[PDB]
Amino acid sequence: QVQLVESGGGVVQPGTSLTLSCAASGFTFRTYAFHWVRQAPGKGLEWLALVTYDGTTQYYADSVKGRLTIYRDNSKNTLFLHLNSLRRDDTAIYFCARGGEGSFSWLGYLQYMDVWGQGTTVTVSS
Amino acid sequence: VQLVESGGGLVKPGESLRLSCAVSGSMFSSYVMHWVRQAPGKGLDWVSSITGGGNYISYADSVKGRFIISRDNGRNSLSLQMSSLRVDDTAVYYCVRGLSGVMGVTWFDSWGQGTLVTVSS
Amino acid sequence: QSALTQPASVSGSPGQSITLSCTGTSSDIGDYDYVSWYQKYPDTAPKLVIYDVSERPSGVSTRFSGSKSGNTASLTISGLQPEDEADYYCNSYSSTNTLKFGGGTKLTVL
Amino acid sequence: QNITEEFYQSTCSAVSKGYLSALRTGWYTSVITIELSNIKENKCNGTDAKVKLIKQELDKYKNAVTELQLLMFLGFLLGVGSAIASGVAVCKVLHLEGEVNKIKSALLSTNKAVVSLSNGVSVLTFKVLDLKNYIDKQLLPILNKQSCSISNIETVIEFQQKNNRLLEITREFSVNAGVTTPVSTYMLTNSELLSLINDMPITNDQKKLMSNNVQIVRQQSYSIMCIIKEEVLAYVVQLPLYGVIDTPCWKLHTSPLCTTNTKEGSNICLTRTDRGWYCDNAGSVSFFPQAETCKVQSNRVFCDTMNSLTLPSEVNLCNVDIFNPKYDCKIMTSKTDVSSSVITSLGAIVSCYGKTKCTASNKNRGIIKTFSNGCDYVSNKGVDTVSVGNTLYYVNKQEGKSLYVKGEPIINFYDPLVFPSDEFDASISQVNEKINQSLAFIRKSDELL
Amino acid sequence: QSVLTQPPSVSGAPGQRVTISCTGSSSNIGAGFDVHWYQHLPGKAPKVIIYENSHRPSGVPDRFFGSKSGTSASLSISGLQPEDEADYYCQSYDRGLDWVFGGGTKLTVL
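Residues numbered from 1 in each chain as written, not as in the entry; some residues may be left out. Chains lettered and ligands numbered in written order. Heavy atoms only, no water.

Method-wise, the PDB entry is recorded as coming from cryo-EM, at a reported resolution of 4.27 Å.

The name the PDB entry assigns to chain D is RSV Pre-fusion Protein, from the organism Respiratory syncytial virus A2. Readers searching the PDB will find this entry under the title "Cryo-EM structure of RSV pre-F monomer in complex with CNR2056/CNR2047".

Looking at the PDB entry, one finds chain A named CNR2056 heavy chain, with Homo sapiens as its source organism.

Q: What is the right way to look at the sheet that holds strand β5 (residues 33-39) of chain A in this model?
A: Paired through their backbone hydrogen bonds, the strands of a sheet run either parallel or antiparallel. Residue and element names in this part refer to chain A. The strand order across the open sheet built from six strands is β2-β11-β10-β5-β6-β7, with neighbouring strands paired in mixed fashion. Where the open sheet ends on each side, the last strands, each with one partner, are β2 (10-12) and β7 (59-60). Both β2 and strand β11 (residues 120-124) contribute to a ladder of three bridges, which runs parallel. Looking across to β11, one finds that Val12 is bridged to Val124. (Pairing = 2+ DSSP bridges. Helix = DSSP H or I, 4+ residues; strand = E, 2+ residues; numbered from the N terminus.)

Q: Explanation requested: the nonpolar core in the structure shown.
A: Note that soluble globular proteins tend to have their nonpolar side chains buried in a common cluster. One finds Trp36(A), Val36(B), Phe108(B) and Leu140(D) to be the most contacted residues of the largest nonpolar core, which totals 120 residues. Every residue in contact with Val36(B), bar those within four places of it in the chain, is listed here: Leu44(B), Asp45(B), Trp46(B), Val47(B), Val92(B), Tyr93(B), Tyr94(B), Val96(B), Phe108(B) and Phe101(E). (Core = buried A, V, L, I, M, F, W, Y, C linked by side-chain atoms within 4.5 Å. Buried < 20%, exposed > 50% of the residue type's maximum accessible area, 1.4 Å probe, protein only. Contact = heavy atoms within 4.5 Å.)

Q: I'm lost on the sheet that holds strand β20 (residues 376-379) of chain D in this one. Help?
A: All names here are of chain D. Strands sit in the order β16-β17-β20 across an open sheet of three strands; the sheet is antiparallel. Edge strands, defined here as strands with exactly one partner in the open sheet, are β16 (341-344) and β20. Adjacent strand axes in the sheet meet at a mean angle of 15° when their direction is disregarded. Where β16 lies against strand β17 (residues 347-350), four bridges are found, and the strand directions are antiparallel. Residue pairing for β17: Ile343 is matched across the bridge by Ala348. (Axes fitted to C-alpha atoms, helices over the stretch in contact; angles between N-to-C directions.)

Q: Teacher, can you tell me more about the interface of chain A and chain C here?
A: One frequently used descriptor of interface size is the decrease in accessible area upon assembly of the parts. Taken together, the 19 residues of chain A in the interface contact 19 residues of chain C. Of the roughly 1,800 Å² buried between chain A and chain C, counting both surfaces, carbon and sulfur atoms make up 63%. If you look at where chain A meets chain C, you find zero salt bridges. Looking at the side of chain A that touches chain C, the elements that each hand over two or more residues are β5, β6 (45-50) and β7 of chain A. Looking at which element gives the most residues to the side of chain A that touches chain C, the answer is β6(A), with three residues. Along the lines of polarity and charge, the residues of the side of chain A that touches chain C split into eleven nonpolar, six polar and two charged. (Buried area = accessible area lost by both parts, 1.4 Å probe. Salt bridge = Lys/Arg side-chain N within 4 Å of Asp/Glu carboxyl O. Nonpolar A, V, L, I, M, F, W, Y, C, P; charged D, E, K, R; others polar.)

Q: Looking at this structure, I do not really get the interface of chain B and chain D. What am I missing?
A: Each partner contributes residues to the interface: chain B has 15 residues there, and chain D has 21 residues. With both chains or domains summed, chain B and chain D bury close to 1,400 Å², and 55% of this area falls on carbon and sulfur atoms. The three residues of chain B that bury the most area against chain D are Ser30(B), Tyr56(B) and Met103(B), which together make up 45% of that side's buried surface. Where chain B packs against chain D, one counts zero salt bridges. Counting across the interface, chain B meets chain D through four residue pairs in polar contact. Grouping the amino acids of the side of chain B that touches chain D by side-chain chemistry returns five nonpolar, ten polar and no charged. (Polar contact = N/O pair within 3.5 Å; in protein donor to acceptor, adjacent residues only side chain to side chain.)

Q: Teacher, can you tell me more about the state of the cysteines here?
A: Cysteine pairs can be covalently joined through their sulfur atoms, and such a bond is termed a disulfide. Residues and elements named next belong to chain D. A full pass over the atoms with the stated rule returns twelve disulfides over all chains. With a sulfur-sulfur separation of 2.0 Å, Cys12 is cross-linked through a disulfide to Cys375. Classification of the bridge connecting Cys12 and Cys375 rests on its S-S torsion, roughly -70°, and on that basis the disulfide is left-handed. Here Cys352 pairs with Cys358 through a disulfide, and the sulfurs are 2.0 Å apart. Judged by its relative accessible area of 1%, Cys352 is buried. Under the relative-accessibility criterion, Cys358 is labelled buried at 1%. (Disulfide = S-S within 2.5 Å.)

Laid out in structure tokens, this is it:
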């Protein structure tokens, strides 16, 4: 039984840096790799970030880099981002997802979307 | 194991003079030597270090080349030169005999009787 | 935000073939053997349908067929179904250490 | 500078006075890690021509890393111990799960950091190379293209600078099998060693000494292979700490002292057994019988205290006055009359006896001295070469003042033949009591008859 | 002026335990260097009370107990005796100022 369920989101004020969390169960966590993506209503999917086994080689999008950070824990096996300097454009639904089979650190091997989640909707308003 | 030394007095600033350390250790060749000073008011502060033959001289950052330290092994004694004297130099000066550390460190064990050196006026 | 250009919407009759495509540069969807096509229904999670240019994952129909030529990836379907109204993407590893996506193509039947 | 010795002729021996000991007393451990990537299949169509060095270099790398994965005269009174004790303990600590992950996470961008383990040990961590960046940024975007072709061969040679070192690694751990003396520069270069000397908790004069003598501490230091899991391959260096620095330490050479008896085979004689290094560390002295464990470099000795004797400060008293009631003064006695010679730092001591041609000659005036009988000693700046028996030797030619003190033939103090010649551990007290009891036995035999 | 900082404003009545704490930067104490504590009774020359916080010299009581943790060291005196009026010190080997001495705390009875 493979599932990804998400935590966090909602209405967040401009600014108001937030830590977002995945949750996953029913499989090996340290063995494979997790990652985050977004998509907003009105347009398509936008990649964000990927991590590998343990906390190593934190990959980031070119247009998003600097505004975010990513790290994982091996106790609860829940991937954790922390995003800063929230603009109007971040109103979107965010998805954790899973990929990679072996113990590798190269991004080209890390492009399989084997499972998906449900995402958190985050809206910025005043 | 005790120590005796001399060389204090009231001398004008700016000029050089001689401090002597005449430790009566029967085997004064192995133990590491330091000199420290205590100025009245403020705390005591390390001045100068020397190791055996005298090839690893080190000084506190207050005096870079101002104080010239030496020892003579066969005459079981030690010397310090006050190349320069500032008003801050006045203090009670101490010889101190340190033992070999478990890592490498000077323990600052049994000290000298101290000599007051005064530079004012 | 650079992406991969894609049609806004394509319409096809049931039981018909579509040949939708996306185009980039050499340091993009062009070559490098990272072509991926994805479908997603609204309010549902995205799904792998085509990975690694041509291969297909477990539990997928064989009517899908991904291919590439020059700097253009293409997806072809056979026997269109009334469940295929969805939005589709092409995803590939760009050369600058990132996973670049497409703009989304709406697939509809009439 | 001021090297000296005083060859005693009372007992023919050389005591090289004037040195600084720079003794090691502890082991400083440090983990050095290389990061490296699990490269998959090359994913190339065709062969091309430019991409040939890359493919074989990476295959060599794979073979190397999978092979590393598949890897896992007073001596009878001297002891034995585990020289590799702290480093193997640190590696065994690293065998615990989730420990090396802390090294991997903490040392993510900083070159050197400090982590604390599960047993309160927090020595140091250091990263020697950054193959993550070069592999994932300068190699794999190029080598894993469709119908692969490198941009140029000049992109490969710097990869050589990042790979050949590692290759050094492999065949220097496949030969010595985990423990390596001396430490090669490929585990730790000279500049990186100078960086690490500015890192361990020692005082700055020790830092100056280590910086001045990088090759010596490089010779002394060890290396032990730690774990290999999560592809963060690492090893612990066990470079020596240095407790006492700059105290006198003398080298005691000995030479035979045997009478030139006309009747051969009836010339009993007793020779000193005290060879080695004696350094006055703290209120006692440390004795090393193994001259090979000690090293010398420009008045500066360096020796190990594990195989050391914490002998009392009264060793100079027996050194000057051999007949003193304060030390045992161990001596080997035998009837052998062997022409043998030793070389001290500032001279040569010949003890050629019987019918043996003995010459001290220089290259300026031919021969200059001839040794007839008795133990004799020549200064280094008096002669060049010495011929004894059928063998030649060369004296050291480094500057120092040396003096010969006029002693006495102590062998003539004792009886012409009472000395036993079948013991290999004896002192002046034990031998004196043996002479006393043999004299008592012979006077008892004379009194009974 | 010293990197060793400790409050020289401490006193207590005889009978109880008095704790003295001196802290430093990363380069001293926290860089694997030990701490040495002395005393400064007037008249006779200062001597070491405790060295590297665990082993103690020949003529000392058991009252003095030394400890360190990270960049901070402490010395406690259980059951204060009257003639302990002195000025107590700290020592380390800061990589800048080589043998750095603390300012020293004046301990007296009430």
